[PDB]
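Chain IDs A, B, C, D, E, F, G and H follow the sequence of writing; residue 1 opens each chain.
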Amino acid sequence: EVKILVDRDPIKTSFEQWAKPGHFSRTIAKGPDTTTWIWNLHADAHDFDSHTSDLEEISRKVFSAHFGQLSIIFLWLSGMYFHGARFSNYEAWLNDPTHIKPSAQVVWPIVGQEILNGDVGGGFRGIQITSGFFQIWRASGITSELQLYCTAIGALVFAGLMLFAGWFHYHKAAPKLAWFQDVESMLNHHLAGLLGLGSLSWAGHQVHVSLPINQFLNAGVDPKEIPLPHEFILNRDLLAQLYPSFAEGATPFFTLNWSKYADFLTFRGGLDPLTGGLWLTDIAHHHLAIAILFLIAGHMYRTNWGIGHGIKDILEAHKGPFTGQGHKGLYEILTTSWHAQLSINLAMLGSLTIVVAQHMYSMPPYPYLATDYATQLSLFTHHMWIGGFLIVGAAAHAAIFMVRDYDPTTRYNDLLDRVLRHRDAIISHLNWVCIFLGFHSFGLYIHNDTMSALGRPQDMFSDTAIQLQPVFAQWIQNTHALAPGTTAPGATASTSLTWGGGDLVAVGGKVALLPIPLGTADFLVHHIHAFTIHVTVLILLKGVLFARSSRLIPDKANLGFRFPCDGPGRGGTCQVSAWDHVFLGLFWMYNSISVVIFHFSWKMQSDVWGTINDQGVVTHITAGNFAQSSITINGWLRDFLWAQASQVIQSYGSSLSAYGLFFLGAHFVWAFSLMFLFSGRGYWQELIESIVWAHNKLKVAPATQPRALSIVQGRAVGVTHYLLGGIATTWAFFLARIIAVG
Amino acid sequence: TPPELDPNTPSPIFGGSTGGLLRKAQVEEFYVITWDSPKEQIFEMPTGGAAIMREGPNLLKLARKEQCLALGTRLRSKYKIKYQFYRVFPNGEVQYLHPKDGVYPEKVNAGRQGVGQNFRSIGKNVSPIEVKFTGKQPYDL
Amino acid sequence: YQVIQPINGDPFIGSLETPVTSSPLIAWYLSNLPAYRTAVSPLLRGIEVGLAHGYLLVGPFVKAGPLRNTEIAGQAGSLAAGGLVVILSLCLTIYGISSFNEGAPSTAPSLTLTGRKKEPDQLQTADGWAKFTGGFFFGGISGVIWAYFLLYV
Amino acid sequence: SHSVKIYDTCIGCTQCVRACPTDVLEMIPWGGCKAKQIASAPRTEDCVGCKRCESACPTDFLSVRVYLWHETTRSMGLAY
Amino acid sequence: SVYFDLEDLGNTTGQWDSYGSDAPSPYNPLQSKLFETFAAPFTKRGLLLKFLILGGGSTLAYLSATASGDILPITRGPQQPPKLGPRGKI
Amino acid sequence: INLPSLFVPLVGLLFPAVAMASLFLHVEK
Amino acid sequence: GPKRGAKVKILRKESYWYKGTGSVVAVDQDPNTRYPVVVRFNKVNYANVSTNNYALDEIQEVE
Amino acid sequence: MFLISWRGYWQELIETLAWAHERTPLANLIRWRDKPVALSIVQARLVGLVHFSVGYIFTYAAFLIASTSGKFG
């Protein structure tokens, strides 16, 4: 019987706990004897499992926490809209999107930083933004700064509401555990109410506000001269002038004469030639269909009426000869353990962010986006990074479940057990396939470097020597290019210009998109991707599968999820914990994503982006050198890194100088991590002994005894500074490069 | 007191895994742990996976002594059950290992002679130069 | 019915019995390989193994080697294959010298799946391994020569 | 094998013995401390050298000490 | 229904021959005699080692010392006139 | 160029083979 | 020996509080006790311990 | 690599590889005489430092000689 369950006033609201650091932990609440205390206070702050054993209290904590997060995000959006209204060149940009650089940040004039306010156009001086907000705002039909202001106020209000909701649902009316456990209902409401009504109502805004205003903008009429959005709702005559379907109102909808609505609900595909973005009509139709799909999907699970599936039933129905009991027991696991859920959701959300990156490069959804190379590069890189991080997190919390929540005596599952019983085979096979992949991908590169160095280019792996064609990908390309004529008749063009066949979409003299050629170089990089991903998976999966025990450490589970080791014995057992596997997996994720974004950058600058001359002459940014240059490590070293770092290294004395500063700073932080990664806390402790002596000599030794960081924190600081450094380096490199030569 | 005898008692219910014995058991040595369970019940295997201990006598062969003391520790701590374990050589010989004198080493028991006990504080160890060119270590004195 | 069972019924031996490991087709296949002819002279086994391996070895050397696009492709590739045959024979030889003492008996299993006693493979002895290596060299070179003949004569 | 030594600063809290994962240490009668007992290491052939015992010892300085020495298949924690 | 036996430590520790067959020689008798007589010299591991090392080195030295210029560019040598160094140096 | 064609493969292939085999047998004994 | 609550200097070289001062808690009168002098310190050691046993020749009453 | 990742990870990995070898037919016929284990902690530090130093020296040597002799001042 699914219903609203809530406890009234579980926790009194008082600043008393604010004045007592570490209140959540009986150990930390006692106070500091050494400095280590401090770090612990922050490390275990959000580890609610180590706070209480009660699943209910934890669930409440996470719920209000989520409200806090949403509040923060609303405040963030509020900031973006407000800065877009008060400190930007957005209207000017609307007047001329093809020759004005998007800027929504200005700096104050002190210590010379005024130079950062550069000539972005529109009679405005500031920092060029690469978030892509301007194209969103144009797509939403926003024309004035006033509307941006109003959206900012709305977002601020929503921030207040989310914060209050957090306080309310923690201190005043806190849901019961059964409420959180109503997964059938939660799934129904999230499928139908969130996504369904979300894309439905959004389709509403698109059909009533986006389409008309954008039609006007594309027509060329001055934005101020364009009718306000509410008028298109009040006066249906305007929409009728733009799309005659509205003359018949909602009649063809109910009478099933949907063909009449082909004016604003299309299925053309490809890109709009005068904007370089997907057709907004296609987008509106897309959101309508999606809305229907999710709406019907949200009626799958049984709640307070007979109809509907039971999750446990569907799970217990799937069991084979190879797997025995199958998915039985998983419902209980996934309705009592937050870490399992977090694992699944992190893996899938990360993967989703990755697919978002790819789909947004290859099918530009916003007007004047494809030709804003800075924005595209930025979006791709950003979402790729977010994805990778979320995935590593999925590994972490999978392992955390494996150590803290797994209990085969009370919550047994056959699949998990069987996985555990042949983990050696799984990990060994992953190992082998990783070595094979490494050899047969990187080894090709080294082979090429050697042959090239020895004066034997005819012995290389390339398109002009020993060819390794991506036949399968080429076939998929051709198939997807010929699809509109055969297997998708209702579609006018392809879903993306990047497919093997097609024309070329250009906007304002710049290339928006064109068919992307795939050769030996692409085979090579793709197999590098497969390799790096496989290694990352090797590390993480090994980490979670051996989190509880191994032949080396039979009782590793009792040591916890996060611990440095089990001593120098057994030959040495450093980094045996699953946490340390998350730690190594982070480095490998960094590696993989780095080579991925380099792949994207070089390929785009070489074979896609660039200017287009009259009669159809396309001049790319790096003139198609990829196919010949990316086949050796030296090519990446010289033609990519060395050649393209030019913009960042000579950005001094201009508006892009901050990128030079960040280039150097990031290199510095990266190197700085190596001190932590390469060393150990014993040395630091003894050094600290000497320094402490010096402080005692002058009566200035603190009561909170100065301690070297723990082994684990040394590792965490190490990997954190390593990632921050490397990623920020590629950040500065990318942005300076693409902003200067774009 | 005489050590426990080692007969052929039934093994726990388990579908088999890849974490069991290897060639070391055949050529060098393996181990055997026995216990007496009040009922049929699930326990986690030291080598990974879940097994079912039967009621009465149970005998499990493992690859390392550490696995044996691990499992035994989990038995005594979780299931409140006494355990023993032995080492087994390829020739067939069995060596009784734990608990050595019938009493757990945590609690004192008369009869045990000291091994490796230095009757001096740790700081009073001689410098390495004192033992140069000898076979002795400063902690062997 | 279930598909995966403990190895030979023993759930505490570090392996599992799957269709890949133990099914009639694969079992018959492996048991008929020269390596598992546990009751025959290791010399003949060596001849077969070396023959097959040298024969396959001729392929990739000829087509992928540095002289693949020259009139002297077959000679070069086959020679290289013979070279690898020699090197691998050297490897096998030192493996035999290092692993088995002339006095030491067979280290091969002396039991079957059923549990009955049988004569240990003489492949796991010094003399036996030496014979196997001789067979790998003879058969290796012979296989290279034969493949080269079929390919270019 | 590794070497394990007990020193007379031992106060017989037995923490090290119940910390060993391979049953190396044990408690024997003694008169040097109030607890009437001292630690002992009769089975260092099974010692892996993890040093959990040292991490369990309360005394300053340690009354149990592990000197990693000759390396064997048992001390390497190998199961193969 | 047990798997522990002191008298039979072989079955206890899974020391089985999983795929070894007790079948007699399936090979060609004439070819068997051929190989048993002709491949015999290489069945002495010391002599085989000496023969493979010395013979292999000898062969390598042969094909190396007599390598044609049409095979190895290193034996053919330079065929174009030399270029002058950066600072007018030979 | 005459001698190098003899000595180079001698030191680069034969010598390390002999040495590695010898050291292998020595260390394995 | 020294009285209870007496401020003593540590003479044991391998002690965390070597050359430092602590307070006497109790002295074991059993002559078989090798380290009777129970001492407590203001700061904990690397093992989070604030108390330790010493011998008569390992403490020095000062003020 | 040798400086950042430490022993236990590799030791366990190698354990799974040892299992892999003892359970792979044909390859089963070949067995090691010295048990495969992960490098020791100190050994790891040394090997890591060695790769680091060699890389350092060789890289800077190549740059030095190439940049200088490429133009000869």
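Simple rule for what comes next: a residue touches a chain if its C-beta (ideal position, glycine included) is under 8 Å from a C-beta of that chain, and two chains touch if they have at least 3 such contacts.
Counting steps between touching chains, the shortest path from subunit C to subunit D takes 2.
In terms of the stated touch criterion, the partners common to subunit C and subunit F are E, listed by label.
Which two chains touch most often is answered by the contact tally, and the pair is C-E. With centres defined by CA atoms alone, the chain at the far end from subunit H is G. Separation between the centroids of subunit A and subunit B, computed from CA atoms only, is 50 Å. The distance from the centre of subunit D to the centre of subunit E, with each centre set as the mean of the Cα atoms, comes to 52 Å.
Subunit A and subunit H have CA centres that are 34 Å apart. Shared interface positions of subunit E, defined as residues touching 2 or more other chains, are 3, 10, 13-15, 18-19, 49, 53, 56, 60. Residue numbers of subunit D whose C-beta contacts span two or more other chains: 8-9, 21, 48, 61, 73, 76-80. With touch defined as above, residues shared between interfaces to two or more other chains in subunit F number as follows: 17, 21, 28.
Which chains touch which is summed up as A-B, A-C, A-D, A-G, A-H, B-C, B-D, B-E, B-G, B-H, C-E, C-F, C-H, D-G, D-H, E-F, E-H.
Looking at the complex, you find that subunit F touches subunit E at residues 1-2, 5-6, 8-10, 13-14, 17-18, 21.
Subunit A makes touch with subunit D in their complex at residues 551-555, 566-571, 573. Contact residues on subunit D toward subunit G in their complex (touch as defined above): 8-9, 11, 31-34, 57-61.
Of all residues in subunit B, those touching subunit C in their complex are 11, 14-22, 47, 60-63. Those residues of subunit C lying in contact with subunit F across their complex are 87, 90, 94, 97-98.
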